[PDB]
Structure formats: structure tokens, C-alpha cells
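See below for the structure under consideration.
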Amino acid sequence: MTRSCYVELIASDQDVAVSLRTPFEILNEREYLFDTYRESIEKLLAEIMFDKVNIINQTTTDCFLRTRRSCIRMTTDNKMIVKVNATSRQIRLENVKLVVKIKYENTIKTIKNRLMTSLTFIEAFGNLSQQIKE
């Protein structure tokens with residue numbers, strides 16, 4: 001749980017899923033990334049490798065990591081690392097043990113739809129910020 005995103009990981013014996021709930025435009029603006037989210041997901045998929053070894057003991061395969069995906073891969077020194085394809089293009093990686101798609105999200109919302117518009121002073125203070133610079 002962070003100040004901007006709530007990252008969750010549901011791990012079963014066969015399928016592992018990563019979700020990310022944020023109340024904003026999710027992948028920056030359209031399909032980009034902030035560094036902190038990538039480091040947090042990398043830490044989480046690094047810890048679940050050590051904690052859930054037998055679930056991730058699968059055959060090493062070569063696959064193209066697609067949009068909104070992550071994978072757990074083996075390095076040349078038999079060290080397991082994690083790369084998340086938050087880039088726009090698909091990333092080709094080898095020695096992949098597991099591919100996990102990340103599901104990104106977004107009467108409390110019915111009140112939040114109006115109370116944000118109740119405070120119309122972002123544009124007023126933007127005019128003031130343009131005004132002071134003289």
C-alpha cells in the first residue's frame with residue numbers, strides 16, 4: 001500500500017495474479033511508468049520467488065512479454081530477477097519461469113464524482129500562478 005497505488009498479489013498453486021488499484025490514469029498517462037511502482041512490483045515478485053519456490057519451479061521458456069505483463073526470469077549466474085514490461089513495446093526475454101498479467105483498476109464513487117467538482121479552484125490558482133510571474 002502506497003500513497004498513490006495499492007498493489008495486490010494473489011498467489012495460488014497454479015496461477016499467480018498481480019493487480020494494481022489506483023484512482024488515477026494508471027500507467028502514467030497512456031502506457032508509461034513511474035519508477036516506484038516498478039520497484040515495488042519487482043520486490044514483490046522477488047519475494048514470492050523465495051517464498052513460493054515450488055509453485056514457480058516450472059520449465060524455462062522463451063516468450064514475448066506483452067503489454068501489462070511481468071515475468072520471473074533466470075540470469076546467467078542462476079540468480080532469479082524480475083522485469084515488468086511497463087514499456088510500450090513487447091519485450092523479448094529468456095529463461096522465463098512465470099508470466100503474470102497485471103490487472104490495473106480504474107456509493108462512495110457516486111459522491112466522489114461530485115465532490116471533486118465541488119472544488120473548482122485548481123484553474124483559479126492556475127490563473128493566479130500565471131498572474132504572479134509579472
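Labels for the C-alpha cells follow display order: chains A, B, ..., residues from 1 in each chain, ligands from 1.
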Find the residues near residue A:85: any atom within 9 Å, counting only C-alpha atoms, skip ones fewer than 6 places away on the same chain, and give them as a ChimeraX atom specification.
-> /A:65-71,91
Could those residues be written to a file, using N, CA, C and O atoms, as an mmCIF file, in the first residue's frame?
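Saved as part39.cif:
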```cif
data_model
loop_
_atom_site.group_PDB
_atom_site.id
_atom_site.type_symbol
_atom_site.label_atom_id
_atom_site.label_comp_id
_atom_site.auth_asym_id
_atom_site.auth_seq_id
_atom_site.Cartn_x
_atom_site.Cartn_y
_atom_site.Cartn_z
ATOM 1 N N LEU A 65 7.071 -10.880 -23.584
ATOM 2 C CA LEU A 65 6.304 -10.210 -22.542
ATOM 3 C C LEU A 65 5.504 -9.087 -23.191
ATOM 4 O O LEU A 65 6.078 -8.156 -23.771
ATOM 5 N N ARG A 66 4.179 -9.183 -23.092
ATOM 6 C CA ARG A 66 3.252 -8.333 -23.821
ATOM 7 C C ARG A 66 2.940 -7.100 -22.952
ATOM 8 O O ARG A 66 3.501 -6.922 -21.865
ATOM 9 N N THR A 67 2.077 -6.216 -23.462
ATOM 10 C CA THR A 67 1.516 -5.098 -22.717
ATOM 11 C C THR A 67 0.828 -5.562 -21.436
ATOM 12 O O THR A 67 0.078 -6.545 -21.435
ATOM 13 N N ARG A 68 1.123 -4.846 -20.336
ATOM 14 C CA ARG A 68 0.565 -5.078 -18.998
ATOM 15 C C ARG A 68 0.925 -6.464 -18.465
ATOM 16 O O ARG A 68 0.061 -7.217 -18.014
ATOM 17 N N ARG A 69 2.215 -6.800 -18.502
ATOM 18 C CA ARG A 69 2.689 -8.107 -18.067
ATOM 19 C C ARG A 69 4.008 -7.989 -17.312
ATOM 20 O O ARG A 69 4.721 -6.985 -17.410
ATOM 21 N N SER A 70 4.316 -9.036 -16.550
ATOM 22 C CA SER A 70 5.599 -9.186 -15.883
ATOM 23 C C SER A 70 6.012 -10.648 -15.949
ATOM 24 O O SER A 70 5.182 -11.531 -16.178
ATOM 25 N N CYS A 71 7.303 -10.901 -15.756
ATOM 26 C CA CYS A 71 7.814 -12.263 -15.784
ATOM 27 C C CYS A 71 8.939 -12.407 -14.773
ATOM 28 O O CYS A 71 9.606 -11.437 -14.403
ATOM 29 N N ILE A 91 8.587 -7.033 -24.853
ATOM 30 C CA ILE A 91 9.992 -7.253 -24.520
ATOM 31 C C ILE A 91 10.282 -8.745 -24.621
ATOM 32 O O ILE A 91 9.580 -9.564 -24.018
#
```
Counting only C-alpha atoms, what is within 12 Å of residue A:75, bar same-chain residues fewer than 5 positions away, as number ranges by chain?
-> A: 60, 80-83, 93-97
How would the residues just picked look written out with N, CA, C and O atoms as a JSON list (two decimals), in the first residue's frame?
```
[["chain", "number", "residue", "atom", "x", "y", "z"],
["A", 60, "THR", "N", 11.76, -23.64, -18.03],
["A", 60, "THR", "CA", 12.20, -22.35, -18.55],
["A", 60, "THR", "C", 11.84, -22.24, -20.02],
["A", 60, "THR", "O", 12.21, -23.10, -20.83],
["A", 80, "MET", "N", 17.64, -15.32, -9.78],
["A", 80, "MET", "CA", 16.31, -15.05, -10.31],
["A", 80, "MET", "C", 16.02, -13.56, -10.18],
["A", 80, "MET", "O", 16.09, -13.01, -9.07],
["A", 81, "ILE", "N", 15.71, -12.91, -11.30],
["A", 81, "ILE", "CA", 15.35, -11.50, -11.28],
["A", 81, "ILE", "C", 13.97, -11.33, -11.93],
["A", 81, "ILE", "O", 13.40, -12.26, -12.49],
["A", 82, "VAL", "N", 13.44, -10.11, -11.80],
["A", 82, "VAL", "CA", 12.10, -9.76, -12.25],
["A", 82, "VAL", "C", 12.18, -8.51, -13.11],
["A", 82, "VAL", "O", 12.78, -7.51, -12.70],
["A", 83, "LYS", "N", 11.58, -8.56, -14.30],
["A", 83, "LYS", "CA", 11.40, -7.39, -15.14],
["A", 83, "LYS", "C", 9.94, -7.28, -15.53],
["A", 83, "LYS", "O", 9.32, -8.26, -15.95],
["A", 93, "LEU", "N", 12.39, -11.81, -23.58],
["A", 93, "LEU", "CA", 13.26, -12.25, -22.50],
["A", 93, "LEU", "C", 13.34, -13.77, -22.49],
["A", 93, "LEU", "O", 12.39, -14.46, -22.88],
["A", 94, "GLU", "N", 14.48, -14.28, -22.04],
["A", 94, "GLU", "CA", 14.74, -15.71, -21.99],
["A", 94, "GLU", "C", 14.76, -16.20, -20.55],
["A", 94, "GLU", "O", 14.77, -15.41, -19.60],
["A", 95, "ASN", "N", 14.77, -17.54, -20.42],
["A", 95, "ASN", "CA", 14.79, -18.25, -19.14],
["A", 95, "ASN", "C", 13.61, -17.86, -18.25],
["A", 95, "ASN", "O", 13.74, -17.74, -17.03],
["A", 96, "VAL", "N", 12.45, -17.67, -18.86],
["A", 96, "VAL", "CA", 11.27, -17.20, -18.15],
["A", 96, "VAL", "C", 10.62, -18.36, -17.43],
["A", 96, "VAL", "O", 10.30, -19.39, -18.04],
["A", 97, "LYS", "N", 10.42, -18.20, -16.12],
["A", 97, "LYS", "CA", 9.75, -19.22, -15.32],
["A", 97, "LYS", "C", 8.24, -19.01, -15.24],
["A", 97, "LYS", "O", 7.47, -19.96, -15.37]]
```
Name the residues of stretch 61-131 of chain A that fall into strand (DSSP E or B) according to DSSP on the backbone, using the chain letters and numbers of this document, as JSON, numbers by chain.
-> {"A": [61, 62, 63, 64, 65, 69, 70, 71, 72, 73, 74, 80, 81, 82, 83, 84, 85, 91, 92, 93, 94, 95, 96, 97, 98, 99, 100, 101, 102, 103, 104, 105]}
A:119, A:108, A:102, A:45 ranked by distance to residue A:26, top pick (using only C-alpha atoms) =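 Checking each candidate against residue A:26, we get A:102 as the closest.
Going from atom CA of residue A:34 to atom CA of residue A:124 covers 28.5 Å.
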Which residues in chain A does DSSP call helix (DSSP H, G or I)? List them as a ChimeraX atom specification.
-> /A:35-51,53-56,108-115,122-132
Selected residues written out with N, CA and C atoms, as a short mmCIF file (atom, residue, chain, number, x, y, z; two decimals), in the first residue's frame:
```cif
data_model
loop_
_atom_site.label_atom_id
_atom_site.label_comp_id
_atom_site.auth_asym_id
_atom_site.auth_seq_id
_atom_site.Cartn_x
_atom_site.Cartn_y
_atom_site.Cartn_z
N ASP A 35 8.79 5.01 -11.51
CA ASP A 35 9.84 4.08 -11.07
C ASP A 35 9.45 3.32 -9.81
N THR A 36 8.75 3.99 -8.88
CA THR A 36 8.44 3.39 -7.58
C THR A 36 7.53 2.18 -7.72
N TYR A 37 6.56 2.25 -8.64
CA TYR A 37 5.66 1.12 -8.87
C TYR A 37 6.41 -0.08 -9.43
N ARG A 38 7.34 0.17 -10.36
CA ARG A 38 8.13 -0.91 -10.94
C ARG A 38 9.04 -1.55 -9.90
N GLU A 39 9.65 -0.73 -9.03
CA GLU A 39 10.48 -1.29 -7.96
C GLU A 39 9.65 -2.08 -6.95
N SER A 40 8.44 -1.61 -6.64
CA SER A 40 7.58 -2.34 -5.70
C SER A 40 7.13 -3.68 -6.27
N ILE A 41 6.74 -3.71 -7.55
CA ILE A 41 6.33 -4.96 -8.18
C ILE A 41 7.52 -5.91 -8.32
N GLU A 42 8.71 -5.35 -8.60
CA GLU A 42 9.92 -6.17 -8.66
C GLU A 42 10.26 -6.77 -7.31
N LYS A 43 10.11 -6.00 -6.23
CA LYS A 43 10.33 -6.52 -4.89
C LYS A 43 9.34 -7.62 -4.55
N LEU A 44 8.06 -7.42 -4.90
CA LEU A 44 7.03 -8.40 -4.58
C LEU A 44 7.25 -9.71 -5.33
N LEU A 45 7.54 -9.63 -6.63
CA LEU A 45 7.79 -10.84 -7.39
C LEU A 45 9.16 -11.43 -7.11
N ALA A 46 10.06 -10.68 -6.46
CA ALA A 46 11.28 -11.28 -5.94
C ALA A 46 11.02 -12.05 -4.65
N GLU A 47 10.17 -11.52 -3.77
CA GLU A 47 9.89 -12.23 -2.52
C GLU A 47 9.03 -13.46 -2.73
N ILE A 48 8.08 -13.42 -3.67
CA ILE A 48 7.26 -14.61 -3.89
C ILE A 48 8.04 -15.71 -4.59
N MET A 49 9.16 -15.39 -5.23
CA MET A 49 10.02 -16.44 -5.76
C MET A 49 10.68 -17.22 -4.63
N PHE A 50 11.17 -16.51 -3.61
CA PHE A 50 11.82 -17.18 -2.49
C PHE A 50 10.82 -17.86 -1.57
N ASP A 51 9.61 -17.31 -1.45
CA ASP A 51 8.61 -17.87 -0.54
C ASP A 51 7.77 -18.97 -1.16
N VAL A 53 8.72 -21.21 -3.89
CA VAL A 53 9.68 -21.82 -4.81
C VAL A 53 9.03 -22.92 -5.64
N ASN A 54 8.27 -23.80 -4.98
CA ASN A 54 7.70 -24.98 -5.66
C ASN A 54 6.62 -24.60 -6.66
N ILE A 55 5.92 -23.49 -6.44
CA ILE A 55 4.93 -23.03 -7.41
C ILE A 55 5.63 -22.53 -8.68
N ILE A 56 6.80 -21.90 -8.52
CA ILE A 56 7.49 -21.28 -9.64
C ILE A 56 8.51 -22.22 -10.29
N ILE A 108 -19.60 5.27 -2.68
CA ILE A 108 -18.51 6.21 -2.42
C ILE A 108 -18.10 6.92 -3.70
N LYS A 109 -18.08 6.19 -4.82
CA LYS A 109 -17.74 6.78 -6.11
C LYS A 109 -18.81 7.76 -6.58
N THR A 110 -20.07 7.52 -6.23
CA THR A 110 -21.15 8.42 -6.62
C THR A 110 -21.04 9.77 -5.91
N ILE A 111 -20.40 9.81 -4.74
CA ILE A 111 -20.19 11.07 -4.05
C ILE A 111 -18.86 11.70 -4.47
N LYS A 112 -17.85 10.85 -4.75
CA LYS A 112 -16.56 11.34 -5.23
C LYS A 112 -16.65 11.95 -6.63
N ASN A 113 -17.64 11.54 -7.43
CA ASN A 113 -17.82 12.12 -8.76
C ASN A 113 -18.21 13.59 -8.68
N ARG A 114 -18.92 13.99 -7.62
CA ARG A 114 -19.39 15.36 -7.49
C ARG A 114 -18.51 16.21 -6.59
N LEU A 115 -17.97 15.63 -5.51
CA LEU A 115 -17.21 16.43 -4.55
C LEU A 115 -15.87 16.92 -5.11
N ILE A 122 -8.54 24.71 -8.78
CA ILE A 122 -7.31 24.37 -9.48
C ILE A 122 -7.06 25.35 -10.62
N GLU A 123 -8.09 25.64 -11.41
CA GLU A 123 -7.93 26.57 -12.53
C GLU A 123 -7.83 28.01 -12.06
N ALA A 124 -8.49 28.35 -10.94
CA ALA A 124 -8.33 29.67 -10.35
C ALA A 124 -6.90 29.90 -9.86
N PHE A 125 -6.34 28.93 -9.14
CA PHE A 125 -4.95 29.07 -8.70
C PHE A 125 -3.97 28.95 -9.86
N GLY A 126 -4.35 28.27 -10.95
CA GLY A 126 -3.53 28.30 -12.14
C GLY A 126 -3.47 29.68 -12.78
N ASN A 127 -4.62 30.36 -12.82
CA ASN A 127 -4.63 31.76 -13.26
C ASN A 127 -3.81 32.64 -12.33
N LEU A 128 -3.88 32.39 -11.01
CA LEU A 128 -3.08 33.17 -10.07
C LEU A 128 -1.58 32.90 -10.24
N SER A 129 -1.22 31.65 -10.53
CA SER A 129 0.18 31.31 -10.76
C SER A 129 0.71 31.95 -12.03
N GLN A 130 -0.13 32.03 -13.07
CA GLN A 130 0.24 32.80 -14.25
C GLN A 130 0.28 34.29 -13.96
N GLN A 131 -0.51 34.75 -12.99
CA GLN A 131 -0.63 36.17 -12.70
C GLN A 131 0.58 36.71 -11.93
N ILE A 132 1.09 35.94 -10.97
CA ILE A 132 2.15 36.44 -10.08
C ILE A 132 3.46 36.68 -10.83
#
```
Name the closest residue to residue A:84 among the candidates A:11, A:63, A:33, A:20; distances are taken between atoms, counting only C-alpha atoms.
-> A:33
How far is it from atom CA of residue A:101 to atom CA of residue A:86, in Å with one decimal?
-> 11.1 Å
Find the distance between atom CA of residue A:103 and atom CA of residue A:116 and write it in Å to one decimal.
->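 Those two atoms sit 25.7 Å apart.
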Can you work out which one of A:134, A:8, A:105, A:62 has the shortest atom-to-atom distance to residue A:25, counting only C-alpha atoms?
-> A:105
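Shortest atom-to-atom contact with residue A:87 among A:4, A:28, A:14, A:19: A:28, counting only C-alpha atoms.
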